[PDB]
file entry_25.cif (mmCIF, C-alpha atoms)
data_work
loop_
_atom_site.group_PDB
_atom_site.id
_atom_site.type_symbol
_atom_site.label_atom_id
_atom_site.label_comp_id
_atom_site.auth_asym_id
_atom_site.auth_seq_id
_atom_site.Cartn_x
_atom_site.Cartn_y
_atom_site.Cartn_z
ATOM 1 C CA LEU A 1 21.327 21.654 5.586
ATOM 2 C CA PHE A 2 20.114 18.117 6.267
ATOM 3 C CA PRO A 3 20.856 15.024 4.168
ATOM 4 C CA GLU A 4 18.179 14.497 1.532
ATOM 5 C CA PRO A 5 16.530 17.827 2.423
ATOM 6 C CA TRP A 6 12.768 17.828 2.188
ATOM 7 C CA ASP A 7 11.210 19.514 -0.810
ATOM 8 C CA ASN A 8 7.426 19.240 -1.286
ATOM 9 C CA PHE A 9 7.496 21.423 -4.345
ATOM 10 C CA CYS A 10 3.911 22.552 -4.429
ATOM 11 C CA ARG A 11 4.610 23.557 -8.011
ATOM 12 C CA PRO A 12 3.312 27.079 -8.553
ATOM 13 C CA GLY A 13 -0.097 26.948 -10.049
ATOM 14 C CA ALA A 14 -0.644 30.305 -8.368
ATOM 15 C CA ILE A 15 -3.906 28.624 -7.443
ATOM 16 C CA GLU A 16 -6.936 30.874 -7.845
ATOM 17 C CA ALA A 17 -10.627 30.116 -7.644
ATOM 18 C CA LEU A 18 -12.765 28.839 -10.500
ATOM 19 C CA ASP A 19 -16.411 29.422 -11.328
ATOM 20 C CA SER A 20 -19.010 26.772 -10.876
ATOM 21 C CA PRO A 21 -21.373 26.705 -13.886
ATOM 22 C CA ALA A 22 -24.101 25.369 -11.617
ATOM 23 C CA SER A 23 -24.160 28.775 -10.118
ATOM 24 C CA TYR A 24 -25.580 30.622 -13.088
ATOM 25 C CA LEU A 25 -26.479 27.216 -14.586
ATOM 26 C CA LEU A 26 -28.383 29.330 -17.097
ATOM 27 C CA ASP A 27 -25.075 29.223 -18.913
ATOM 28 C CA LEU A 28 -26.783 26.134 -20.240
ATOM 29 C CA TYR A 29 -27.881 28.822 -22.677
ATOM 30 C CA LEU B 1 0.715 5.069 -41.878
ATOM 31 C CA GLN B 2 0.909 8.558 -43.302
ATOM 32 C CA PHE B 3 -1.417 11.445 -43.910
ATOM 33 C CA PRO B 4 -1.433 13.258 -47.238
ATOM 34 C CA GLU B 5 1.401 15.544 -46.290
ATOM 35 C CA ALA B 6 1.390 17.509 -49.558
ATOM 36 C CA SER B 7 -2.153 18.596 -48.647
ATOM 37 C CA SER B 8 -3.232 22.028 -49.858
ATOM 38 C CA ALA B 9 -5.750 23.080 -47.219
ATOM 39 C CA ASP B 10 -4.587 23.835 -43.705
ATOM 40 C CA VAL B 11 -5.381 21.080 -41.217
ATOM 41 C CA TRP B 12 -4.641 20.470 -37.563
ATOM 42 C CA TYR B 13 -2.479 17.704 -38.942
ATOM 43 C CA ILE B 14 0.199 18.959 -41.308
ATOM 44 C CA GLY B 15 1.835 15.566 -41.736
ATOM 45 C CA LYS B 16 1.540 12.523 -39.520
ATOM 46 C CA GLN B 17 3.357 9.189 -39.311
ATOM 47 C CA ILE B 18 1.950 6.322 -37.314
ATOM 48 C CA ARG B 19 4.454 3.507 -36.573
ATOM 49 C CA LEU B 20 1.320 1.403 -37.178
ATOM 50 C CA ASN B 21 2.884 -2.000 -36.644
ATOM 51 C CA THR B 22 3.648 -1.049 -33.021
ATOM 52 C CA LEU B 23 6.326 -3.748 -33.189
ATOM 53 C CA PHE B 24 7.910 -2.181 -30.104
ATOM 54 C CA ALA B 25 5.856 -5.062 -28.727
ATOM 55 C CA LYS B 26 8.496 -7.420 -30.162
ATOM 56 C CA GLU B 27 11.216 -5.795 -28.072
ATOM 57 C CA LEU B 28 8.734 -6.152 -25.276
ATOM 58 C CA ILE B 29 8.464 -9.853 -26.087
ATOM 59 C CA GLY B 30 12.117 -9.950 -25.278
ATOM 60 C CA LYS B 31 12.382 -7.612 -22.313
ATOM 61 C CA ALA B 32 8.965 -8.439 -20.909
ATOM 62 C CA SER B 33 9.864 -12.102 -20.968
ATOM 63 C CA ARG B 34 13.104 -11.077 -19.306
ATOM 64 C CA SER B 35 11.127 -9.301 -16.608
ATOM 65 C CA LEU B 36 9.120 -12.495 -16.243
ATOM 66 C CA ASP B 37 12.085 -13.390 -14.078
ATOM 67 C CA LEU B 38 10.793 -10.940 -11.466
ATOM 68 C CA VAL B 39 9.141 -7.621 -10.858
ATOM 69 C CA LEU B 40 11.844 -4.934 -10.807
ATOM 70 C CA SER B 41 13.273 -7.009 -13.550
ATOM 71 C CA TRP B 42 10.811 -4.472 -14.776
ATOM 72 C CA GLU B 43 12.512 -1.105 -14.800
ATOM 73 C CA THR B 44 12.116 2.539 -15.524
ATOM 74 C CA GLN B 45 15.412 1.948 -17.255
ATOM 75 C CA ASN B 46 13.511 -0.314 -19.572
ATOM 76 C CA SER B 47 11.222 2.663 -19.936
ATOM 77 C CA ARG B 48 14.329 4.634 -20.855
ATOM 78 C CA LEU B 49 15.256 1.848 -23.288
ATOM 79 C CA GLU B 50 12.531 3.098 -25.642
ATOM 80 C CA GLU B 51 15.510 4.710 -27.355
ATOM 81 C CA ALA B 52 16.762 1.246 -28.178
ATOM 82 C CA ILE B 53 13.694 0.784 -30.379
ATOM 83 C CA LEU B 54 14.164 2.146 -33.905
ATOM 84 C CA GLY B 55 16.547 4.564 -32.259
ATOM 85 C CA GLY B 56 13.396 6.107 -30.901
ATOM 86 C CA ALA B 57 11.005 6.435 -27.989
ATOM 87 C CA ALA B 58 7.895 4.946 -26.455
ATOM 88 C CA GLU B 59 5.139 7.315 -27.402
ATOM 89 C CA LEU B 60 3.044 4.249 -27.775
ATOM 90 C CA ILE B 61 0.095 3.685 -30.090
ATOM 91 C CA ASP B 62 -2.661 1.126 -30.364
ATOM 92 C CA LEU B 63 -3.254 -1.210 -27.433
ATOM 93 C CA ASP B 64 0.370 -0.701 -26.510
ATOM 94 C CA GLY B 65 -0.476 2.973 -26.563
ATOM 95 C CA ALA B 66 -3.109 2.164 -23.995
ATOM 96 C CA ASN B 67 -0.824 -0.069 -21.958
ATOM 97 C CA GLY B 68 1.740 2.709 -22.015
ATOM 98 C CA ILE B 69 -0.567 5.435 -20.803
ATOM 99 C CA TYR B 70 -1.897 2.869 -18.319
ATOM 100 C CA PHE B 71 1.604 1.649 -17.703
ATOM 101 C CA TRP B 72 2.196 3.138 -14.303
ATOM 102 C CA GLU B 73 -1.466 2.645 -13.503
ATOM 103 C CA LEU B 74 -1.051 -0.977 -14.464
ATOM 104 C CA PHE B 75 1.501 -1.419 -11.724
ATOM 105 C CA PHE B 76 -0.056 0.982 -9.242
ATOM 106 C CA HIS B 77 -3.438 -0.503 -9.773
ATOM 107 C CA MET B 78 -3.757 -2.925 -6.982
ATOM 108 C CA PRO B 79 -1.410 -0.720 -4.890
ATOM 109 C CA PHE B 80 -4.380 1.581 -5.200
ATOM 110 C CA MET B 81 -6.340 -0.917 -3.147
ATOM 111 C CA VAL B 82 -3.327 -1.907 -1.110
ATOM 112 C CA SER B 83 -4.130 1.586 0.018
ATOM 113 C CA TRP B 84 -7.925 1.401 -0.018
ATOM 114 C CA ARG B 85 -7.875 -1.767 2.040
ATOM 115 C CA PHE B 86 -4.318 -2.364 3.040
ATOM 116 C CA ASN B 87 -3.400 1.041 4.310
ATOM 117 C CA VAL B 88 -5.704 -0.049 7.053
ATOM 118 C CA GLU B 89 -3.089 -2.785 6.977
ATOM 119 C CA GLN B 90 0.613 -2.648 5.986
ATOM 120 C CA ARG B 91 1.666 -3.158 2.359
ATOM 121 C CA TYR B 92 0.664 0.402 1.767
ATOM 122 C CA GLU B 93 4.392 0.661 2.418
ATOM 123 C CA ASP B 94 5.081 -1.402 -0.660
ATOM 124 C CA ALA B 95 2.513 0.575 -2.601
ATOM 125 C CA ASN B 96 4.574 3.594 -1.595
ATOM 126 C CA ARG B 97 7.604 1.869 -3.014
ATOM 127 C CA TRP B 98 5.659 1.303 -6.200
ATOM 128 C CA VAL B 99 4.772 4.948 -6.433
ATOM 129 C CA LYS B 100 8.465 5.386 -5.863
ATOM 130 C CA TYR B 101 8.932 3.402 -9.029
ATOM 131 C CA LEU B 102 6.718 5.912 -10.787
ATOM 132 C CA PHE B 103 8.280 8.866 -9.016
ATOM 133 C CA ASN B 104 10.580 9.744 -6.186
ATOM 134 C CA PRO B 105 8.196 11.023 -3.560
ATOM 135 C CA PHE B 106 10.380 9.846 -0.804
ATOM 136 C CA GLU B 107 12.907 11.922 1.129
ATOM 137 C CA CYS B 108 15.837 10.190 -0.431
ATOM 138 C CA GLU B 109 18.706 9.830 -2.892
ATOM 139 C CA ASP B 110 19.552 13.514 -3.174
ATOM 140 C CA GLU B 111 23.177 12.600 -3.826
ATOM 141 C CA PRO B 112 22.546 9.331 -5.744
ATOM 142 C CA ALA B 113 20.699 11.381 -8.351
ATOM 143 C CA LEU B 114 21.927 10.118 -11.712
ATOM 144 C CA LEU B 115 22.431 6.826 -9.905
ATOM 145 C CA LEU B 116 18.795 6.448 -10.804
ATOM 146 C CA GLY B 117 19.805 7.431 -14.316
ATOM 147 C CA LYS B 118 22.728 9.302 -15.766
ATOM 148 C CA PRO B 119 20.306 10.514 -18.408
ATOM 149 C CA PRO B 120 17.857 12.621 -16.432
ATOM 150 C CA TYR B 121 14.852 10.618 -17.575
ATOM 151 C CA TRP B 122 13.836 10.882 -13.966
ATOM 152 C CA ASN B 123 14.007 14.228 -12.220
ATOM 153 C CA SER B 124 14.986 14.852 -8.619
ATOM 154 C CA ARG B 125 11.323 14.447 -8.010
ATOM 155 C CA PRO B 126 9.781 12.891 -11.112
ATOM 156 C CA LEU B 127 6.708 15.131 -10.899
ATOM 157 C CA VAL B 128 5.289 14.002 -14.260
ATOM 158 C CA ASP B 129 4.776 10.318 -14.959
ATOM 159 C CA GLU B 130 7.952 8.301 -15.327
ATOM 160 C CA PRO B 131 7.246 7.551 -18.998
ATOM 161 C CA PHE B 132 5.371 10.810 -19.462
ATOM 162 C CA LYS B 133 6.183 14.525 -19.718
ATOM 163 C CA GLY B 134 4.418 17.875 -20.000
ATOM 164 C CA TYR B 135 2.776 19.173 -23.176
ATOM 165 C CA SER B 136 1.180 22.020 -25.106
ATOM 166 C CA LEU B 137 -2.243 23.030 -23.821
ATOM 167 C CA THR B 138 -5.573 22.372 -25.529
ATOM 168 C CA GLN B 139 -9.175 23.553 -25.968
ATOM 169 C CA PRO B 140 -11.901 21.694 -24.121
ATOM 170 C CA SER B 141 -14.002 18.630 -24.884
ATOM 171 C CA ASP B 142 -14.472 16.879 -21.693
ATOM 172 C CA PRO B 143 -16.414 13.790 -20.539
ATOM 173 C CA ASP B 144 -15.070 12.804 -17.134
ATOM 174 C CA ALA B 145 -12.907 9.984 -18.470
ATOM 175 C CA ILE B 146 -11.021 12.648 -20.399
ATOM 176 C CA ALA B 147 -10.008 14.155 -17.077
ATOM 177 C CA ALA B 148 -9.391 10.669 -15.705
ATOM 178 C CA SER B 149 -7.000 10.363 -18.634
ATOM 179 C CA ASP B 150 -5.710 13.865 -19.021
ATOM 180 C CA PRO B 151 -2.021 14.150 -19.881
ATOM 181 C CA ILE B 152 -1.224 16.152 -16.790
ATOM 182 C CA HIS B 153 0.726 15.964 -13.546
ATOM 183 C CA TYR B 154 -2.500 16.451 -11.567
ATOM 184 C CA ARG B 155 -2.182 12.735 -11.058
ATOM 185 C CA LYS B 156 0.366 13.554 -8.363
ATOM 186 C CA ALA B 157 -2.756 14.097 -6.244
ATOM 187 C CA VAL B 158 -2.410 10.329 -5.970
ATOM 188 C CA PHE B 159 0.888 10.619 -4.123
ATOM 189 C CA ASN B 160 -0.639 13.234 -1.895
ATOM 190 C CA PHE B 161 -3.436 10.852 -1.064
ATOM 191 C CA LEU B 162 -1.080 7.935 -0.527
ATOM 192 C CA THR B 163 0.917 9.972 1.912
ATOM 193 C CA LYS B 164 -2.065 11.042 3.941
ATOM 194 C CA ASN B 165 -3.066 7.401 3.978
ATOM 195 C CA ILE B 166 0.302 6.489 5.440
ATOM 196 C CA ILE B 167 0.078 8.955 8.268
ATOM 197 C CA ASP B 168 -3.596 8.191 8.742
ATOM 198 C CA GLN B 169 -2.728 4.531 9.222
ATOM 199 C CA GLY B 170 -0.149 5.487 11.791
ATOM 200 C CA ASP B 171 -2.668 7.729 13.508
ATOM 201 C CA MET B 172 -5.075 4.821 13.855
ATOM 202 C CA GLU B 173 -2.562 2.456 15.321
ATOM 203 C CA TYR B 174 -1.873 5.338 17.674
ATOM 204 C CA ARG B 175 -5.616 5.396 18.232
ATOM 205 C CA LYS B 176 -4.894 2.059 19.836
ATOM 206 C CA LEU B 177 -4.198 2.167 23.562
ATOM 207 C CA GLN B 178 -0.460 2.256 24.059
ATOM 208 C CA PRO B 179 1.638 4.033 26.668
ATOM 209 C CA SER B 180 4.127 4.894 23.934
ATOM 210 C CA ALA B 181 1.309 7.173 22.874
ATOM 211 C CA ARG B 182 3.202 9.928 21.076
ATOM 212 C CA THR B 183 6.520 8.356 20.107
ATOM 213 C CA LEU B 184 6.071 6.718 16.729
ATOM 214 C CA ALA B 185 3.469 9.350 15.948
ATOM 215 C CA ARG B 186 6.642 11.285 15.235
ATOM 216 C CA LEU B 187 6.243 9.758 11.812
ATOM 217 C CA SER B 188 2.827 11.370 11.605
ATOM 218 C CA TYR B 189 4.781 14.526 12.317
ATOM 219 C CA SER B 190 7.348 13.893 9.606
ATOM 220 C CA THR B 191 4.638 13.138 7.087
ATOM 221 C CA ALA B 192 2.471 16.147 7.854
ATOM 222 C CA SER B 193 5.465 18.439 7.876
ATOM 223 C CA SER B 194 6.414 17.067 4.509
ATOM 224 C CA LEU B 195 3.593 19.341 3.379
#
call {"tool": "encode", "arguments": {"input": "entry_25.cif", "output": "structure tokens"}}
result
Amino acid sequence: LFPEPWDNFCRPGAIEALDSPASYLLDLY
Amino acid sequence: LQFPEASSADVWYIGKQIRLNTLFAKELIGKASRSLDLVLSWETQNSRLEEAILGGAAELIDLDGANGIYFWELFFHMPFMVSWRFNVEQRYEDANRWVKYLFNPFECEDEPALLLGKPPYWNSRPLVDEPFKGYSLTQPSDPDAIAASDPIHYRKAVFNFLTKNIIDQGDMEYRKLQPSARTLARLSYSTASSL
């Protein structure tokens, strides 16, 4: 161990991609 | 103020109190005037002291509601530009400290822990806002300011930014000619590796 051990908890969003509505903007429908 | 709690029809509200008077402000007359002594005479422990109001908490309402949800932003606000401008200069360091009021981003105080509060108001890393906390999800309505306001930890992105600004500053001073040309860039190392 090391004193004050580093811990950038990239808290688990289980990041996954998200759709642009501009693509298929027709969703404006 | 109170809704009609005996209401027959089902409503998103079932019953709702308001603490209208928002007289928490009076305690703030006291403590805020006390903090007038100095900054840091402002404290997250004062944030914790919301219990000492009506035996309650500081889910604020009215303009104090606003000041509360702005609260960290209030303090951080020029630190924001102490970054925008002054990470090209130095007191970005202080701005870091101010974020460290809001949070513990820094690599420190693992053992002190409850030193920073025997009640775990803070967390090892206060990932949510120091006053704030997580909440039940919701269904969308969403002008941009809503996002800019959303009750969510996303705001940590700020810290991320701040950090990159730190190392970026270091990188530029290392962009200066200097025979100790790696050396203190070790901090650029430490930073980067912190992600």
call {"tool": "closest_residue", "arguments": {"input": "entry_25.cif", "among": "B:133, B:125, B:182, B:156", "to": "residue A:4", "atoms": "all atoms listed in the file"}}
result
B:125
call {"tool": "interface_residues", "arguments": {"input": "entry_25.cif", "of": "chain A", "to": "chain B", "cutoff": "9 Å", "atoms": "all atoms listed in the file", "output": "PyMOL selection string"}}
result
chain A and resi 3-10
call {"tool": "residues_around", "arguments": {"input": "entry_25.cif", "residues": "residue B:87", "least_positions_apart": "3", "cutoff": "10 Å", "atoms": "only C-alpha atoms", "output": "short mmCIF file (atom, residue, chain, number, x, y, z; two decimals) with C-alpha atoms, keeping the file's coordinate frame"}}
result
data_model
loop_
_atom_site.label_atom_id
_atom_site.label_comp_id
_atom_site.auth_asym_id
_atom_site.auth_seq_id
_atom_site.Cartn_x
_atom_site.Cartn_y
_atom_site.Cartn_z
CA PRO B 79 -1.41 -0.72 -4.89
CA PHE B 80 -4.38 1.58 -5.20
CA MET B 81 -6.34 -0.92 -3.15
CA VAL B 82 -3.33 -1.91 -1.11
CA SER B 83 -4.13 1.59 0.02
CA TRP B 84 -7.92 1.40 -0.02
CA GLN B 90 0.61 -2.65 5.99
CA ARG B 91 1.67 -3.16 2.36
CA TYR B 92 0.66 0.40 1.77
CA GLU B 93 4.39 0.66 2.42
CA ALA B 95 2.51 0.57 -2.60
CA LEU B 162 -1.08 7.94 -0.53
CA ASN B 165 -3.07 7.40 3.98
CA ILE B 166 0.30 6.49 5.44
CA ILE B 167 0.08 8.96 8.27
CA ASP B 168 -3.60 8.19 8.74
CA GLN B 169 -2.73 4.53 9.22
CA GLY B 170 -0.15 5.49 11.79
#
call {"tool": "closest_residue", "arguments": {"input": "entry_25.cif", "among": "B:141, B:67, B:7, B:44", "to": "residue B:25", "atoms": "only C-alpha atoms"}}
result
B:67
call {"tool": "atom_distance", "arguments": {"input": "entry_25.cif", "atom1": "atom CA of residue B:130", "atom2": "atom CA of residue B:143"}}
result
25.5 Å
call {"tool": "build_atoms", "arguments": {"input": "entry_25.cif", "residues": "chain A", "atoms": "N, CA and C atoms", "output": "PDB file, in the frame of the given file"}}
result
ATOM      1  N   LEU A   1      22.018  22.614   6.438  1.00  0.00           N
ATOM      2  CA  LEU A   1      21.327  21.654   5.586  1.00  0.00           C
ATOM      3  C   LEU A   1      21.110  20.335   6.321  1.00  0.00           C
ATOM      4  N   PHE A   2      20.313  19.449   5.727  1.00  0.00           N
ATOM      5  CA  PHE A   2      20.114  18.117   6.267  1.00  0.00           C
ATOM      6  C   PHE A   2      20.115  17.138   5.102  1.00  0.00           C
ATOM      7  N   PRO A   3      20.696  15.955   5.290  1.00  0.00           N
ATOM      8  CA  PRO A   3      20.856  15.024   4.168  1.00  0.00           C
ATOM      9  C   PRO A   3      19.515  14.606   3.592  1.00  0.00           C
ATOM     10  N   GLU A   4      19.416  14.701   2.270  1.00  0.00           N
ATOM     11  CA  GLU A   4      18.179  14.497   1.532  1.00  0.00           C
ATOM     12  C   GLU A   4      17.153  15.509   2.033  1.00  0.00           C
ATOM     13  N   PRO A   5      17.433  16.806   1.883  1.00  0.00           N
ATOM     14  CA  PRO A   5      16.530  17.827   2.423  1.00  0.00           C
ATOM     15  C   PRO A   5      15.139  17.757   1.814  1.00  0.00           C
ATOM     16  N   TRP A   6      14.134  17.927   2.662  1.00  0.00           N
ATOM     17  CA  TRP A   6      12.768  17.828   2.188  1.00  0.00           C
ATOM     18  C   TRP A   6      12.393  18.973   1.264  1.00  0.00           C
ATOM     19  N   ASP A   7      11.519  18.654   0.316  1.00  0.00           N
ATOM     20  CA  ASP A   7      11.210  19.514  -0.810  1.00  0.00           C
ATOM     21  C   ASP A   7       9.845  19.215  -1.425  1.00  0.00           C
ATOM     22  N   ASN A   8       8.750  19.395  -0.677  1.00  0.00           N
ATOM     23  CA  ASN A   8       7.426  19.240  -1.286  1.00  0.00           C
ATOM     24  C   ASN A   8       7.173  20.455  -2.169  1.00  0.00           C
ATOM     25  N   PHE A   9       7.708  20.371  -3.377  1.00  0.00           N
ATOM     26  CA  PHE A   9       7.496  21.423  -4.345  1.00  0.00           C
ATOM     27  C   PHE A   9       6.041  21.480  -4.746  1.00  0.00           C
ATOM     28  N   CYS A  10       5.278  22.283  -4.029  1.00  0.00           N
ATOM     29  CA  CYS A  10       3.911  22.552  -4.429  1.00  0.00           C
ATOM     30  C   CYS A  10       4.016  23.479  -5.629  1.00  0.00           C
ATOM     31  N   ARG A  11       4.316  22.876  -6.763  1.00  0.00           N
ATOM     32  CA  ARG A  11       4.610  23.557  -8.011  1.00  0.00           C
ATOM     33  C   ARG A  11       3.620  24.681  -8.275  1.00  0.00           C
ATOM     34  N   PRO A  12       4.118  25.858  -8.644  1.00  0.00           N
ATOM     35  CA  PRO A  12       3.312  27.079  -8.553  1.00  0.00           C
ATOM     36  C   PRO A  12       2.208  27.171  -9.580  1.00  0.00           C
ATOM     37  N   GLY A  13       1.051  26.623  -9.248  1.00  0.00           N
ATOM     38  CA  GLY A  13      -0.097  26.948 -10.049  1.00  0.00           C
ATOM     39  C   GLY A  13      -0.613  28.341  -9.815  1.00  0.00           C
ATOM     40  N   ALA A  14      -0.107  29.021  -8.787  1.00  0.00           N
ATOM     41  CA  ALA A  14      -0.644  30.305  -8.368  1.00  0.00           C
ATOM     42  C   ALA A  14      -2.150  30.164  -8.239  1.00  0.00           C
ATOM     43  N   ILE A  15      -2.533  29.084  -7.566  1.00  0.00           N
ATOM     44  CA  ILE A  15      -3.906  28.624  -7.443  1.00  0.00           C
ATOM     45  C   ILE A  15      -4.865  29.773  -7.174  1.00  0.00           C
ATOM     46  N   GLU A  16      -5.944  29.820  -7.944  1.00  0.00           N
ATOM     47  CA  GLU A  16      -6.936  30.874  -7.845  1.00  0.00           C
ATOM     48  C   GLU A  16      -8.271  30.222  -8.162  1.00  0.00           C
ATOM     49  N   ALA A  17      -9.335  30.775  -7.603  1.00  0.00           N
ATOM     50  CA  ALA A  17     -10.627  30.116  -7.644  1.00  0.00           C
ATOM     51  C   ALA A  17     -11.218  30.063  -9.050  1.00  0.00           C
ATOM     52  N   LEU A  18     -12.161  29.144  -9.217  1.00  0.00           N
ATOM     53  CA  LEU A  18     -12.765  28.839 -10.500  1.00  0.00           C
ATOM     54  C   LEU A  18     -14.277  28.790 -10.354  1.00  0.00           C
ATOM     55  N   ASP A  19     -14.963  29.300 -11.368  1.00  0.00           N
ATOM     56  CA  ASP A  19     -16.411  29.422 -11.328  1.00  0.00           C
ATOM     57  C   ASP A  19     -17.123  28.095 -11.505  1.00  0.00           C
ATOM     58  N   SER A  20     -18.042  27.817 -10.612  1.00  0.00           N
ATOM     59  CA  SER A  20     -19.010  26.772 -10.876  1.00  0.00           C
ATOM     60  C   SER A  20     -19.991  27.222 -11.954  1.00  0.00           C
ATOM     61  N   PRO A  21     -20.279  26.389 -12.958  1.00  0.00           N
ATOM     62  CA  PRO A  21     -21.373  26.705 -13.886  1.00  0.00           C
ATOM     63  C   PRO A  21     -22.740  26.388 -13.314  1.00  0.00           C
ATOM     64  N   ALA A  22     -22.803  25.656 -12.206  1.00  0.00           N
ATOM     65  CA  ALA A  22     -24.101  25.369 -11.617  1.00  0.00           C
ATOM     66  C   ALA A  22     -24.679  26.662 -11.096  1.00  0.00           C
ATOM     67  N   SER A  23     -23.892  27.371 -10.298  1.00  0.00           N
ATOM     68  CA  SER A  23     -24.160  28.775 -10.118  1.00  0.00           C
ATOM     69  C   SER A  23     -24.261  29.349 -11.513  1.00  0.00           C
ATOM     70  N   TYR A  24     -25.331  30.083 -11.765  1.00  0.00           N
ATOM     71  CA  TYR A  24     -25.580  30.622 -13.088  1.00  0.00           C
ATOM     72  C   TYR A  24     -25.714  29.495 -14.111  1.00  0.00           C
ATOM     73  N   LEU A  25     -26.280  28.354 -13.691  1.00  0.00           N
ATOM     74  CA  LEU A  25     -26.479  27.216 -14.586  1.00  0.00           C
ATOM     75  C   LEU A  25     -27.064  27.648 -15.910  1.00  0.00           C
ATOM     76  N   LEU A  26     -27.792  28.763 -15.899  1.00  0.00           N
ATOM     77  CA  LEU A  26     -28.383  29.330 -17.097  1.00  0.00           C
ATOM     78  C   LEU A  26     -27.381  29.398 -18.224  1.00  0.00           C
ATOM     79  N   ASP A  27     -26.092  29.384 -17.896  1.00  0.00           N
ATOM     80  CA  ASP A  27     -25.075  29.223 -18.913  1.00  0.00           C
ATOM     81  C   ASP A  27     -25.396  28.065 -19.824  1.00  0.00           C
ATOM     82  N   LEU A  28     -26.247  27.152 -19.363  1.00  0.00           N
ATOM     83  CA  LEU A  28     -26.783  26.134 -20.240  1.00  0.00           C
ATOM     84  C   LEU A  28     -27.239  26.745 -21.544  1.00  0.00           C
ATOM     85  N   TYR A  29     -27.649  28.010 -21.497  1.00  0.00           N
ATOM     86  CA  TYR A  29     -27.881  28.822 -22.677  1.00  0.00           C
ATOM     87  C   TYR A  29     -26.745  28.609 -23.657  1.00  0.00           C
TER      88      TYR A  29
END
